[PDB]
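A.B. asks: This is the structure I have questions about; it appears just below.
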Amino acid sequence: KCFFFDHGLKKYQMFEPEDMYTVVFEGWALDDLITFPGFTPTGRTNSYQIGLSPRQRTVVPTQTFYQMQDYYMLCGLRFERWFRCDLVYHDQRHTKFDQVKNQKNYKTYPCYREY
Amino acid sequence: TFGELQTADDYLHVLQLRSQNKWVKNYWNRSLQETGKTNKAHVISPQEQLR
Amino acid sequence: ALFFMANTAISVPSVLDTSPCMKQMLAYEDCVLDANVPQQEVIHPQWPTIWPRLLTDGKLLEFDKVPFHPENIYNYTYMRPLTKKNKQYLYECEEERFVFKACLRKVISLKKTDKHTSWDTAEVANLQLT
Amino acid sequence: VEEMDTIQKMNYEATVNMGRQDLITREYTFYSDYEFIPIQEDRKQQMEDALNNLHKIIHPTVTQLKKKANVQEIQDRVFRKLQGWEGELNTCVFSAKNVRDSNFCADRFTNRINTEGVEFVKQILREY
Amino acid sequence: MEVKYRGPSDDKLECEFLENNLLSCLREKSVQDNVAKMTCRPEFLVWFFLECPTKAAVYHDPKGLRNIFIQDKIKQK
Amino acid sequence: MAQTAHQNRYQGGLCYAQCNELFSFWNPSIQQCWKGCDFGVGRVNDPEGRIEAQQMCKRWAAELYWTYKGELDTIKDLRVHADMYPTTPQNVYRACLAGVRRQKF
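Residue numbers (the authors' numbering), protein chains in the order written: chain 6B, 59 to 173; chain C2, 152 to 202; chain 7L, 861 to 990; chain O, 66 to 193; chain 6L, 1 to 77; chain Y, 1 to 105.
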């Protein structure tokens, strides 16, 4: 019950997470009240324990520069690889790739993963 | 929902399309009309043909 | 290091789960997971009555949804009616669903009466002391 | 294309605008640039036809190779010859005076691809 | 989690809202959602049994439910 | 070897030694190879246990990386080399299978 019934609107409303001081000593001054939409669109339950989803394929590995917590050389390397791929395909994007007018000729841009 | 980067990219190309449209319209209008010069802008230095 | 903490409380056990129909709920959920049904509404045993459109056309919302446009397969999962394979592999989980519903109904039938003199000290019986 | 909702209309507008970047920037020309007579459309089509003919020969060989290294090596070996010919074409087209000269250079490049390029490609593919 | 305790509200307006949602859901689901437009919100159904114990007990009672059904039918003509 | 069964690689036995010999010392595929050694402990000698272990490798690869349904069934070459890194579910599957192959007993 992270939502409250409103008598003026006669409906459930809510606001963003707020601290105890603001909830208690500024309950009269409440801003940005949004009608409660429900946890799920169909009214089912959403209370589940979550975990880590499977990882994604890597084109430029992080292990090239992994001793460094700050990723600056890795950032440069990955951007350079993406820029090579883009220089290959940059002008064909609107005719053979994501930016086509019709979905019939839609293809994923080859540099999406590197980007 | 399986979030493989190709399926995710298919999901996210529409939002990227709208954001790119907004950015490119703003770019064209403001940036190009306020900065660029059209039709081979150049500085002309005349000289009189001496006697 | 080796014995820096000088003691370890191995006596305190894992918190015992004393929920009324938790075992039946978990059994039913495992069975439904076996069926491999895209619709998540099947998690509740009452789905045939709460969402009867799952058996006719799958239209569970009157176009008041926000799952994005039908561009990929992983869209409008609840807007997808159960197929014959899904219906069969859900029927295979009918007895456990019935047991779960019977447990829920019996729990609902339980009312707090005046003979529950141990209500104010029910934590001890619930085994909250370790 | 008129009948659509707001989201579909916005997506169509986005797709159309992402293709007019060539249209918007054609007005902004530079005075100091070195202009050249461009390769004509028919010569472009002939060169692309020659490239497709080359791709016709290499396709079974590269699709029957299970190692990426071999395919990359085949790509590199052809690309050196193609890059030499491309350099010759670029020089002779940049230094062109009229469309006749540009057509002559493009025809020479296409004839090199169709005459010596196919022979070189066939020798490479036989080696592989 | 440190969840504090607050008993069922039994608020007049809130329970009227929840009961209207419950009646809409009963009317929709009694015909397997064959209505032209379905306004039932299943999630609020849950809250009806968490914050309106008096009306829930009335609905469980067969005579109270019969009275509610008769009045709803009269309202719907 | 956070995902494997043994505290140190020496408890793995001959299978872990063969996995180490399979890849270069900086290659993280060895760990995946080690998981193969874990999947085919009591299964390699059983004719259906070997198929079960290969299925376990396929499931492990599918769980580590996002995979498509046919993706691991259309691999042309299942052989591995020293510089094969677990950057793809195909590489994870190949390393796991190679580890399964090297599990005597």
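Where a beta carbon is used, it is the ideal one built from N, C-alpha and C, also for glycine.
Take residue 33 (chain 6L) as the anchor and find which of 975 (chain 7L), 946 (chain 7L), 913 (chain 7L) and 947 (chain 7L) has the nearest alpha-carbon.
C.D. replies: Looking up residue 33 (chain 6L) in the fifth sequence gives position 33. Ranking 975 (chain 7L), 946 (chain 7L), 913 (chain 7L) and 947 (chain 7L) by Cα distance to residue 33 (chain 6L) puts 913 (chain 7L) first.
A.B. asks: Give a yes or no on whether the C-beta atoms belonging to residue 142 (chain O) and residue 189 (chain O) are separated by under 8 Å.
C.D. replies: Looking up residue 142 (chain O) in the fourth sequence gives position 77. Looking up residue 189 (chain O) in the fourth sequence gives position 124. Yes, Cβ-Cβ distance for residue 142 (chain O) and residue 189 (chain O) is below 8 Å.
A.B. asks: I'd like to check one pair, residue 168 (chain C2) with residue 76 (chain O): are the Cβ atoms closer than 8 Å?
C.D. replies: In the fourth sequence, counting from the first residue as 1, residue 76 (chain O) sits at position 11. In the second sequence, counting from the first residue as 1, residue 168 (chain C2) sits at position 17. Yes; because the gap between Cβ atoms is below 8 Å, this pair is in contact.
A.B. asks: Give me the Cα-Cα distance between residue 69 (chain 6L) and residue 971 (chain 7L), rounded to the nearest whole angstrom.
C.D. replies: Residue mapping note: residue 69 (chain 6L) aligns to position 69 of the fifth sequence, counting from 1. Residue mapping note: residue 971 (chain 7L) aligns to position 111 of the third sequence, counting from 1. Their backbone Cα atoms lie some 25 Å apart in a straight line.
A.B. asks: Check for me: the beta strand (DSSP E) holding residue 70 (chain 6B) runs from which residue to which?
C.D. replies: Taking the first sequence and counting its residues from 1, the one referred to as residue 70 (chain 6B) is at position 12. Looking at the DSSP string, the run of the beta strand (DSSP E) that includes residue 70 (chain 6B) is 69-72.
A.B. asks: Among residues of its own chain, excluding the 5 on either side of residue 72 (chain Y), which ones have a beta-carbon nearer than 8 Å to its beta-carbon?
C.D. replies: Position 72 of the sixth sequence, counting from 1, holds the residue named residue 72 (chain Y). If we look at residue 72 (chain Y) and ignore the five residues flanking it on each side, its Cβ neighbours are 58, 61, 62, 89, 90 and 93.
A.B. asks: For residue 840 (chain 7L), which of 162 (chain 6B), 100 (chain 6B), 169 (chain 6B) and 173 (chain 6B) has the nearest alpha-carbon?
C.D. replies: Any property of residue 840 (chain 7L) remains undetermined from this structure, which presents chain 7L solely from 861 to 990.
A.B. asks: Check this for me: beta carbons of residue 104 (chain O) and residue 167 (chain O), under 8 Å apart or not?
C.D. replies: For the purposes of this step, residue 104 (chain O) is taken as the residue at position 39 of the fourth sequence. For the purposes of this step, residue 167 (chain O) is taken as the residue at position 102 of the fourth sequence. Yes, these two residues count as a Cβ contact at 8 Å.
A.B. asks: What is the DSSP secondary structure of residue 92 (chain 6B), counted as helix, strand or coil?
C.D. replies: On the first sequence, position 34 is the one that residue 92 (chain 6B) refers to. Here residue 92 (chain 6B) sits in strand by DSSP.
A.B. asks: For residue 119 (chain O) and residue 74 (chain Y), I'd like the C-alpha separation in whole angstroms.
C.D. replies: Stepping through the fourth sequence from its first residue, residue 119 (chain O) is reached at position 54. Stepping through the sixth sequence from its first residue, residue 74 (chain Y) is reached at position 74. Taking the straight line from one Cα to the other gives about 29 Å.
A.B. asks: Along chain O, which residues have their Cβ under 8 Å away from the Cβ of residue 159 (chain 6B)?
C.D. replies: As a working note, residue 159 (chain 6B) is residue 101 in the first sequence. Chain O residues near residue 159 (chain 6B): 77, 80, 81 and 84.
A.B. asks: I'd like to know if residue 33 (chain 6L) contacts chain 7L, where contact means its C-beta is closer than 8 Å to some C-beta of that chain.
C.D. replies: Here the question's residue 33 (chain 6L) lines up with position 33 in the fifth sequence. Yes, contact with chain 7L.
A.B. asks: Using the Cα positions of residue 143 (chain 6B) and residue 152 (chain 6B), report the straight-line distance between them to the nearest angstrom.
C.D. replies: Within the first sequence, residue 143 (chain 6B) is the residue found at index 85, counting from 1. Within the first sequence, residue 152 (chain 6B) is the residue found at index 94, counting from 1. Their Cα atoms are separated by approximately 16 Å.
A.B. asks: Under a Cβ-count criterion, where at least 16 other Cβ atoms within 10 Å of its own Cβ denotes burial, should residue 165 (chain O) be classed as buried or exposed?
C.D. replies: Here the question's residue 165 (chain O) lines up with position 100 in the fourth sequence. Residue 165 (chain O) comes out exposed.
A.B. asks: With 8 Å as the threshold, decide whether the Cβ of residue 166 (chain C2) is near any Cβ in chain 6B.
C.D. replies: By 1-based counting over the second sequence, the position of residue 166 (chain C2) is 15. Closer than 8 Å: no.
A.B. asks: So, are the CB atoms of residue 73 (chain 6B) and residue 91 (chain 6B) less than 8 Å apart?
C.D. replies: Sequence index remark: in the first sequence, residue 73 (chain 6B) carries index 15 (1-based). Sequence index remark: in the first sequence, residue 91 (chain 6B) carries index 33 (1-based). Yes.
A.B. asks: I need the straight-line Cα distance from residue 113 (chain O) to residue 180 (chain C2), nearest angstrom please.
C.D. replies: As a first step, residue 113 (chain O) must be located in the fourth sequence, where it is residue number 48. As a first step, residue 180 (chain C2) must be located in the second sequence, where it is residue number 29. Cα to Cα, the separation comes out at about 36 Å.
A.B. asks: Residue range of the alpha helix (DSSP H) that residue 172 (chain O) falls in?
C.D. replies: On the fourth sequence, position 107 is the one that residue 172 (chain O) refers to. Counting along the chain, the alpha helix (DSSP H) containing residue 172 (chain O) begins and ends at 164-177.
A.B. asks: Below 8 Å between beta carbons: does that hold for residue 55 (chain 6L) and residue 40 (chain 6L)?
C.D. replies: Along the fifth sequence, one-based indexing puts residue 55 (chain 6L) at 55. Along the fifth sequence, one-based indexing puts residue 40 (chain 6L) at 40. Cβ atoms of residue 55 (chain 6L) and residue 40 (chain 6L): not closer than 8 Å.
A.B. asks: For a contact meaning CB atoms closer than 7 Å, what does residue 156 (chain 6B) contact in chain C2?
C.D. replies: The sequence position of residue 156 (chain 6B) within the first sequence is 98, counting from 1. By Cβ distance, chain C2 contributes 164.
A.B. asks: Would you report the Cα separation of residue 15 (chain 6L) and residue 48 (chain 6L), rounded to the nearest angstrom?
C.D. replies: Position 15 of the fifth sequence, counting from 1, holds the residue named residue 15 (chain 6L). Position 48 of the fifth sequence, counting from 1, holds the residue named residue 48 (chain 6L). If you take the alpha carbons of residue 15 (chain 6L) and residue 48 (chain 6L), they lie about 7 Å apart.
A.B. asks: With DSSP collapsed to three states, give me the class of residue 48 (chain 6L).
C.D. replies: In the fifth sequence, counting from the first residue as 1, residue 48 (chain 6L) sits at position 48. If DSSP states are grouped into helix, strand and coil, residue 48 (chain 6L) belongs with the helices.
A.B. asks: According to DSSP, which residues form a beta bridge with residue 65 (chain Y)?
C.D. replies: Sequence index remark: in the sixth sequence, residue 65 (chain Y) carries index 65 (1-based). Answer by DSSP bridge pairing, in chain order: 113 (chain 6B).
A.B. asks: Could you give the C-beta distance for residue 83 (chain Y) and residue 27 (chain Y), rounded to a whole number, given that I count them as a contact under 8 Å?
C.D. replies: Position 83 of the sixth sequence, counted from the start, is the residue given in the question as residue 83 (chain Y). Position 27 of the sixth sequence, counted from the start, is the residue given in the question as residue 27 (chain Y). Between residue 27 (chain Y) and residue 83 (chain Y) the Cβ distance is about 7 Å, and since that is below 8 Å, they are a contact.
A.B. asks: On a CA-only basis, which of 44 (chain 6L), 24 (chain 6L) and 58 (chain 6L) is nearest residue 76 (chain 6L)? Give me that one, please.
C.D. replies: The residue labelled residue 76 (chain 6L) in the question sits at position 76 within the fifth sequence. The candidate whose alpha carbon is nearest that of residue 76 (chain 6L) is 24 (chain 6L).
A.B. asks: Taking CB distances under 8 Å as the criterion, tell me whether residue 42 (chain 6L) reaches chain 7L.
C.D. replies: Reading the fifth sequence from its first residue, position 42 is the one you call residue 42 (chain 6L). For residue 42 (chain 6L), the answer is yes, since a Cβ of chain 7L falls inside 8 Å of its Cβ.
A.B. asks: Quick one: using the 10 Å Cβ neighbour count with 16 as the cut-off for buried, is residue 901 (chain 7L) buried or exposed?
C.D. replies: Taking the first residue of the third sequence as position 1, residue 901 (chain 7L) is located at position 41. It is buried - the Cβ of residue 901 (chain 7L) has at least 16 other Cβ atoms within 10 Å.
A.B. asks: Does the distance from the C-beta atom of residue 193 (chain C2) to that of residue 93 (chain O) stay below 8 Å?
C.D. replies: As a first step, residue 193 (chain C2) is located in the second sequence; it is residue number 42 there, counting from the start. As a first step, residue 93 (chain O) is located in the fourth sequence; it is residue number 28 there, counting from the start. Result no, Cβ atoms of residue 193 (chain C2) and residue 93 (chain O) do not sit closer than 8 Å.
A.B. asks: Going by Cα to Cα distance, which pick from 93 (chain 6B), 83 (chain 6B) and 167 (chain 6B) is closest to residue 60 (chain 6B)?
C.D. replies: The count along the first sequence starts at 1 and reaches residue 60 (chain 6B) at position 2. Among 93 (chain 6B), 83 (chain 6B) and 167 (chain 6B), the Cα nearest to that of residue 60 (chain 6B) belongs to 93 (chain 6B).
A.B. asks: Could you pull out every residue in the same chain whose Cβ sits closer than 6 Å to the Cβ of residue 930 (chain 7L), ignoring the five residues on either side in sequence?
C.D. replies: The residue you call residue 930 (chain 7L) lines up with position 70 of the third sequence. Correct list, in chain order: 936.
A.B. asks: Between 68 (chain Y), 81 (chain Y) and 13 (chain Y), which lies nearest to residue 41 (chain Y) when the distance is taken from Cα to Cα?
C.D. replies: Counting from one through the sixth sequence, the residue named residue 41 (chain Y) turns up at place 41. For the residues 68 (chain Y), 81 (chain Y) and 13 (chain Y), the minimum Cα distance to residue 41 (chain Y) belongs to 13 (chain Y).
A.B. asks: Applying a beta-carbon distance threshold of less than 7 Å, which residues of chain 6L neighbour residue 68 (chain 6B)?
C.D. replies: Within the first sequence, the letter at position 10 stands for residue 68 (chain 6B). Those are 13 and 17, listed as they occur along chain 6L.
A.B. asks: If the cut-off is 9 Å on Cβ atoms, which residues from the region 946-963 of chain 7L count as contacting chain 6B, listed in chain order?
C.D. replies: So the list is empty, because no residue satisfies the distance condition.
A.B. asks: Taking the CB atoms as reference points, tell me whether residue 45 (chain 6L) and residue 67 (chain 6L) lie closer together than 8 Å.
C.D. replies: Position 45 of the fifth sequence, counting from 1, holds the residue named residue 45 (chain 6L). Position 67 of the fifth sequence, counting from 1, holds the residue named residue 67 (chain 6L). No.
A.B. asks: Is there a Cβ from chain 6L that is less than 8 Å from the Cβ of residue 903 (chain 7L)?
C.D. replies: The count along the third sequence starts at 1 and reaches residue 903 (chain 7L) at position 43. Chain 6L, which has no Cβ nearer than 8 Å to the Cβ of residue 903 (chain 7L), makes this no.
A.B. asks: Pull up the distance between the alpha-carbon of residue 943 (chain 7L) and that of residue 76 (chain 6B), whole angstroms please.
C.D. replies: Position 83 of the third sequence holds residue 943 (chain 7L). Position 18 of the first sequence holds residue 76 (chain 6B). For residue 943 (chain 7L) and residue 76 (chain 6B), the distance between alpha carbons rounds to 45 Å.
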